[PDB]
Amino acid sequence: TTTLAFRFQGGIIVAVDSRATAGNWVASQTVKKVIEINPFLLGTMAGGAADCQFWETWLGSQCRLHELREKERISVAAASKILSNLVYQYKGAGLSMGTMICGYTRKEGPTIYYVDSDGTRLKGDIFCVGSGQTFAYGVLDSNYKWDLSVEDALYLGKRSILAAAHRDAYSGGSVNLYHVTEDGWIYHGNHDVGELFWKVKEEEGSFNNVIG
Amino acid sequence: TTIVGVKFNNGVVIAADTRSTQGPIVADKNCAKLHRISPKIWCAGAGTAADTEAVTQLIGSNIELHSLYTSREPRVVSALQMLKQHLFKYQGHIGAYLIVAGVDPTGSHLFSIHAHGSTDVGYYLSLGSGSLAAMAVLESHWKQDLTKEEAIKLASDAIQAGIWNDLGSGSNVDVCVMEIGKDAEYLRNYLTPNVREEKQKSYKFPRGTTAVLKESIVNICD
Amino acid sequence: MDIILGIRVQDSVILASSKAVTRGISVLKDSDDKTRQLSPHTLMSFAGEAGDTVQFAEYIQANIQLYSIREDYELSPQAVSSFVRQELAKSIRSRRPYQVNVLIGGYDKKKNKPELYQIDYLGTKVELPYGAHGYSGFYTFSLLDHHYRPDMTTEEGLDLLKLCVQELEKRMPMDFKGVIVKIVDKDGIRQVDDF
Amino acid sequence: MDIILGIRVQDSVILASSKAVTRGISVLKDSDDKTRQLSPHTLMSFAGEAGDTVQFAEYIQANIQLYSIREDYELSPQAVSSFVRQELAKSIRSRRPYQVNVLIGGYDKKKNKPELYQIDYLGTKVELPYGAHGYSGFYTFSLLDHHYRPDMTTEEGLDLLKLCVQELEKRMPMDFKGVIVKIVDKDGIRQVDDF
Amino acid sequence: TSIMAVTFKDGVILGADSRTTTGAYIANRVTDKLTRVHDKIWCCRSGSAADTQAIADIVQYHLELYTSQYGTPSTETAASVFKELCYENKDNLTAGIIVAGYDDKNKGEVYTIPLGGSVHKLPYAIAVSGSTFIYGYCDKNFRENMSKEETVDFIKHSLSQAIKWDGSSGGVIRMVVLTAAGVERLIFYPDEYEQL
Amino acid sequence: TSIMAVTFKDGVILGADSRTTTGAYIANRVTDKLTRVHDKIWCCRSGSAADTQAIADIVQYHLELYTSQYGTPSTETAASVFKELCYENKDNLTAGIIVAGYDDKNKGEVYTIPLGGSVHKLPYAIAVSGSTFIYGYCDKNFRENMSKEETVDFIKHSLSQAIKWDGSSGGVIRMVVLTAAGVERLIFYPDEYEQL
Amino acid sequence: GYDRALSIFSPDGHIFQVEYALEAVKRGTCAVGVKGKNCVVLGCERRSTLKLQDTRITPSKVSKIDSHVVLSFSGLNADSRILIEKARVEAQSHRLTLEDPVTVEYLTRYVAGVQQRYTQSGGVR
Amino acid sequence: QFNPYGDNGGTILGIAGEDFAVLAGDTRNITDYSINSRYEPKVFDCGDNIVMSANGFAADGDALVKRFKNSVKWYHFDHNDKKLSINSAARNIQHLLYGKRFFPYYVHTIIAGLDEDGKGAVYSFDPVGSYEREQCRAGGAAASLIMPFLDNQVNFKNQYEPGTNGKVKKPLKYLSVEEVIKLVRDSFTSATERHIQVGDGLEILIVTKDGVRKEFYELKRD
Amino acid sequence: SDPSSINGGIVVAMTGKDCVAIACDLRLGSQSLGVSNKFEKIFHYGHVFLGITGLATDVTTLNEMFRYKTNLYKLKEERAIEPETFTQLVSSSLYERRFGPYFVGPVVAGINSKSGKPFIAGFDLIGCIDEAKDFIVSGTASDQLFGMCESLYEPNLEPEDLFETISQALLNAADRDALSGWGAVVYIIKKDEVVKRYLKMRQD
Amino acid sequence: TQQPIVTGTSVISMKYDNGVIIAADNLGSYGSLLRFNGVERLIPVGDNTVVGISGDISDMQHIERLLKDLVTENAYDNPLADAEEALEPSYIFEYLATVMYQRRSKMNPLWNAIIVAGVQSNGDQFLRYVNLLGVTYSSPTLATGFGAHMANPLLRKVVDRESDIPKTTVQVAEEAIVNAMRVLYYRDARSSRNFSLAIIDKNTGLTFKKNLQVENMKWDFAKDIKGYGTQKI
Ligand SMILES: [Mg+2]
Ligand SMILES: [Mg+2]
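Chains as they are written, first to last, in full-length UniProt numbering: chain A, 76 to 287; chain B, 30 to 251; chain C, 1 to 195; chain D, 1 to 195; chain E, 20 to 215; chain F, 20 to 215; chain G, 3 to 127; chain H, 20 to 241; chain I, 2 to 205; chain J, 34 to 266.
Structure (structure tokens):
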């Protein structure tokens, strides 16, 4: 698994791989590792697939009840803390979660919270989670700037997953891209790693080690 | 694995299934579990496949050298004593479970050998994951003074019980018939009741289907 | 959560807390603030098990903020430290104990004296001129025992803290990504912007 | 013993090896050279179990120095790497195996080509344009896969190495106290004095 | 496994059940547990089948070599060889042996080498369940200088009771009678002994 | 521990040894293992002394309360109460109980509640060693409608043999005779029973 | 527990215990709220029949719920303390979970909710 | 110590067409090396044109199917006999599965039917209720044998247009019900040959707008 | 800590009409981490081809060992070893290390130079021979390969057709295994010519 | 979480053209293969059902009682309790199947393997298995423990598939069951000679045979077997 999210001038870029593995066996290459909490909030799936899917779908329900009662979009801070307080209650029971809660509100601006199953809740500009996180962080750290365009930021997210997909055995299949704006998130398509690798190799001149 | 040995009027018959398994996966759908120790002394193996083949060939080799040295046809009791003393020395770490059957100047013999080096005598024996299925058929239909044709029928029926009812056993029935004053006859695939049905579709690919990066002629010559 | 230091000087308390948050083989963050303001003249730094640290810190913060509203009065550092110790002492015989170590640095406006309290996860409270939690004490106490003076100024205290941080950066195997330093005095709580 | 990197460029091989030696909670040394010269044009960097690393390295050094005297000839990097692999492959089924991972960087004077070999403690040998051992590959391989070009100059290679070391210093929890960098080319082995 | 050896007027009788078990499965229901180590020295084996077969075969070799050089060996000598193998290799062996032999001088003799690797000479011995020897076992039931027919009936009854209460024991009752006359093999089928 | 209950013509007899052991130390050599749960309903306890004493005391309470409301309880009713406690609390109990009772309608009756927590009605029962019940134990030795004197001698012999071969059993033999006439307590000292 | 329904409907459709609670309010000392352009002012009456009072320590009629919200009241003084405590706890609870202080409308809606719950709970007035 | 879980073997296969969907399963129920039944169905019509199978531990699978069938029944009562859409069923099963997150149903669940646009739908679940919609999913013992074959023959993975230098992929397209049943039959006969736990019989439930139809086919019984 | 699945990788061998094919992936990893995309697992000693999956240090060691033994065989016998004989040598050499085995799944492929008969064989790590008419599979995606082979394979395929079958068998198996892939090589072996093709596959 | 102490061994059963047969030996077995006797493990419920139980005897006696309770309960406020609303094999099975599964799910199982044999009101044969895990399955032949390993293969030669049930008569079916019980006496250390057999026929009702013995046993060949290999005397 490789999931990343980062803040920039244009909002938030969220990029995930799509591979699920049981041992060395590849169960699926079509897994959705971005959970569409609601039209303004995104969550990333790392650790337990069920744990993330279930509790981030539940979070969407809690967020809907908040805006029905308060007549105001829930803040990313409030949404993240509902989930972090819930997993903290279950601490020691064996929940497995490594997620980024991503939203863009007027008050906060673009905001990312890393939330995990041992109760950690961290605000940050860049987060990578999964078996392939170290590979993604490498491409991100060296190329990341705040003043990145939306086009280049989307590529950087896609390129960082491809880096992890290549090296990490437990990451690959396809890349799912999201751009989070104040008005909501926009899906930027499913990109097969098979076709993307050869396309990126040729155009970028990277991956010389690989014959193509 | 299902292996049986059946004593009859003028000799002994051993049979086995032809399925080889790596856990739940079938590696070989038609392997031979009937091993020659000597021309008229045959061995059926269960447990660790490498160990049954290795132990059968070592004793088979030492028996041939002993036969040459003594100018005498090898005895089943010799194969038995040599197998059990070898297996015992390794305290079960060689996972060979054998049914040893054969004819020699002394007559017809049928023995079982356990990986720890214990041996038993019997008129009918079974070993392997299908031994209980096989033994149910032997305890049902075995009698004193069987004919050659009755003993082959009983043996192959005992293996079939294993093939159908035991997941560890399957495919075909191998038989070897060791009669006195006769050459032993090895009946490879005596029964083939598990023939694969015609497939619904041919999966032969149009040529060029596979993407290729490089071709090169390999030099196997000097 | 690794390094939390505390020095009580003549007229203030200085808390230094490492900025690094490490999860597995990666450093997730290098700007983490391991401190909560309990009241305008009381600061608490914390280190220990992930999640428990912040959950415990925020729980204490809420309870002190509740007392402040109810009585329209700021609870003394001694009182806040006694409350915090009791909560940790409850925790140790709980079903699942809070594994959190805290330093409470406060200025008592009644006594006009700075006070530093060191409380471990068992609820072991001690009042100290200087304190630390975990391995941090092993590299700095020898240094503090030597140079510490009770009549030190804030500037003298900050220089003595720099010496401790330098010794840690040299002989400590992990990179704690430097420290955030906060001073607690009669005028309240302020952060040293550059260290 | 943690970080050992290797990059094979157009005309040379660059080995970068961490300077830190950590025993328990203290960093004993910050200037350790985790490399031995096997022959004038062959360098070996090593990382693994304490004692075993140096003992193995010096043993290989002595055997290659013996061959050089006996035949008045410098064994090729391929030949040295094959010898080293066989020694490690013997070790793994020994009573007490050498837990040592090595990079062999050499310049083959016959082919006029730089060669980098990566051998793990099992005797798993592989020829690579760039290589690492342990967790070092997890933070730099993605970076190398991207920028590495096989027609790179020594200066381009050193800049690409700086990028890798910077990424390690940022995301790696342990402090490796920087790296010693050595270049192996047609003129022999030299150390980059400042990195 | 139920085995016993009883000394009577004319010699000694060896009796045993015919049941060998792997867990709850009866591997062999017609087991011959009466093993010849010499013409008139037999033994009953309990414990590991591999261990007792290996030991019995070595003792058979030693008594063959003894007979070649020094003539017919005493039952005491056979017991000694059994004990030596069992005692010296006690750490890697699970074997309990009852030795029954006939000499013309000493007449019938019974020796037990239990799991310890010790040697004991008794007028009779019973081993029931897991090589478990019973000291008493109806002391008043056994008399010295019993007739052959009394002794067969005494063993048949004792082994009948053991099979009834024990699932380890079962099948047929095998006996070997050791006398001056020679060696007699007796088999008693379930329908004879079950109605006792 | 060797305990047995035998039904005869006039009722039922309860017999047991008098030995209680902690490891190889005899904690009590004059133990009374015959426990009254009603006027003519006794039991023999094997297993944990604490567990069987706790259970016996609760059953005694239940039969006292039963007698107050519904009159004299049957031996079957006593066996049911024992079983209920043993079966429902099987996970935290180590108790094997033999129940012997006399009714004027049903005469002598024997029930066994073994470690399982099951109930079995038998003409007689023997428990030896660690609460180990023997199915057969000399079937031909026991006849139905035996005399009191035959039954005392049958139990005395059976318990004599058990003490001889078993170190858990020992001391004196205690018996309780349950009949229409009433309750008779018998004690047999080692010098009487050892020479059998 | 004491379960009796004290607040119930009358034939005319009124809940007399709720209406008799308003009578307790009417008896209470006057409280006034006036909101300006960039401020709110809370005025409160104190009956002058009580001389020899210690105004230092005597409970003040205006209570801070949080640093930014205040609550005044008319009616039973003892009852007011229970609503003020619940409101103050909810203010700190909101900050802890939402990471933001309560809006004035939210704090009101909470207090009104508590008052409502006591009009159709058993065993309470 | 008591182990509350067991493996009853068996393998299941769900494929989604354009205007149809199939859910297939072998009819063999096993424990270790024994055959419990040669015909024990584990693919069920649940009503509202939803077919379901919970393969793995048969007791947990029977329990889950029973609870879901009951969920369908109570959905009709509570919501005016409204039809339960396949997507609504899938979300319900997630809650059933995640209900036992800390004592899971030891089963791999697959449901098939038509979506609200009348297009073939297959949903697959892990033991604790993570789910996804898929064109193609094999579950259970022989999943590893069947799945890479489906990738090649259904989704045409790794097949390139002959002559295009491996630049133009073979184009995706909907298969007929006839062509899908061929792949199912060949998938299971292949798995039967190489997996000991697979065989005896194959039961396919086909779901169209016209309802739920059944087809049965014999498999080898060894 | 399971030696057979640290480095990963797969070998498959198939028989056709007067030809055999043997193919392998090129991946060497250290568990999750991909290390090399050029680790060939197929070696040849004259006209006898050996594929070896499992622990990479043993793959390298066994190649070096069988080169040694076949070189000495040729010098003494004055002829190249045949597939049938080489199979027995692999079996002997593996069982010699019975209680300290090489963690490998070797596959033999080749044509007998005398009889012209296509031959393939597979072994477990202690040298039990699996002789098969149809196909042999080895490695971390052996289950996947068995499935592909059992459905795709038909007898007496021509070299050009057999190439497609074995290629599709390997590619689709490697794509359903995390520890296999990163490139593939197929050897098509006729009586007196051998073609070696590198396949284009996804690099994840 | 428990361990069985006293246990019963295999229960075997098969369907014939007009009914089902079920058998079980009358033995209780201790831990180290020690033997109890006189245990009945076939429970007739009404006139159309027989429940065969293997495993813990204490848990068997509990299930015996539940079934007895079930009959009493069904009779309550039921004028058709001996006709249309009498207990069916399918009802008795589902109840037991429900109990087994909810007991395993509490981690306090009934340590049993159960076969419910009977004929339904429409004459349909009913044969179905449930065990301590609540796992259920039906087949023309069913057996527990050793019976599954040795009896099933023998019974499956008579009824290999569903279509063989019409061709199988009660005389043939009873022979197969009686023969299979002899095989289990030969080879199962925990089995006994004494057994009970029950036939449930749609025409002839339920026939319950007690104190049956294994007969026509072969032991004669044992006389000619000597030693473990080389011994001739
Ligand atoms: Mg099969
Ligand atoms: Mg792969």
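We put the beta carbon where it would ideally sit given N, CA and C, even for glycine.
Following the DSSP letters along the chain, one finds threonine 94 (chain E) inside the alpha helix (DSSP H) bounded by residues 94-107.
Take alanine 154 (chain A), set aside five residues on each side of it, and the residues of its chain with a beta-carbon closer than 7 Å to its own are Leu116, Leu134, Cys138, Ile176, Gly178, in chain order. With fewer than 16 neighbouring CB atoms inside 10 Å of its own CB, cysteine 41 (chain G) falls in the exposed class. Here the C-alpha atom of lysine 170 (chain D) lies approximately 17 Å from the C-alpha atom of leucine 79 (chain A). The shortest CA-to-CA distance from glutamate 145 (chain A) to any of G:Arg111, G:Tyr120, G:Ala80, G:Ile67 is the one to G:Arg111.
Burial of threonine 50 (chain E) is indicated by the presence of at least 16 other C-beta atoms within 10 angstroms of its C-beta. Within chain I, the residues placing a beta-carbon under 7 Å from that of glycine 185 (chain H) are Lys201, ordered along the chain.
Those residues whose C-beta sits under 6 Å from the nearest heavy atom of ligand 2 are, from N- to C-terminal order along the chain, I:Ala175, I:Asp176, I:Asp178, I:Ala179, I:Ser181, I:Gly182.
A Cβ-Cβ distance of about 6 Å is found for the pair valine 129 (chain E) and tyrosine 143 (chain E), placing them in contact under the 8 Å criterion.
Under the DSSP definition of a beta bridge, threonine 54 (chain I) partners with I:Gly106. At a cut-off of 8 Å, the beta-carbon of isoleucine 31 (chain H) does not count as near ligand 1: no heavy atom of the ligand is closer than that.
Residues of the same chain with a CB within less than 8 Å of the CB of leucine 223 (chain A), apart from the 5 flanking positions on each side, are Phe83, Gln84, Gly85, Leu231 in chain order. Non-local beta-carbon contacts of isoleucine 92 (chain C) in its own chain, meaning distances under 8 Å to residues more than five positions away in sequence, involve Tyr121, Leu122, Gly123 in chain order. Against chain H, the CB of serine 139 (chain I) has no partner CB under 9 Å away; the residue lies outside that interface. Of the residues assessed, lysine 201 (chain I) falls on the buried side of the cut-off, its CB having 16 or more other CB atoms within 10 angstroms. According to the DSSP assignment, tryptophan 273 (chain A) belongs to the alpha helix (DSSP H) that extends over 268-279. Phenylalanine 101 (chain F) and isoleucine 132 (chain F) have their C-alpha atoms spaced approximately 7 Å apart. Against chain B, the CB of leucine 27 (chain I) has no partner CB under 9 Å away; the residue lies outside that interface. Its Cα nearest to that of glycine 24 (chain D), the residue C:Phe138 stands out among C:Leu161, C:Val184, C:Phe138, C:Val9. Pairwise C-beta distances place the stretch 141-155 of chain B out of contact with the stretch 77-87 of chain E, as fewer than three of them are shorter than 8 Å.
The three-state reading of DSSP puts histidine 16 (chain G) in coil, since its state is none of H, G, I, E or B. The residue among G:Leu109, G:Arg29, G:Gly15, G:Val126 with its C-alpha nearest the C-alpha of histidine 70 (chain G) is G:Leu109. Taking CB atoms only, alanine 244 (chain A) has a neighbour in chain I less than 9 Å away.
For ligand 1, no non-hydrogen atom lies closer than 8 Å to the CB of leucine 164 (chain H).
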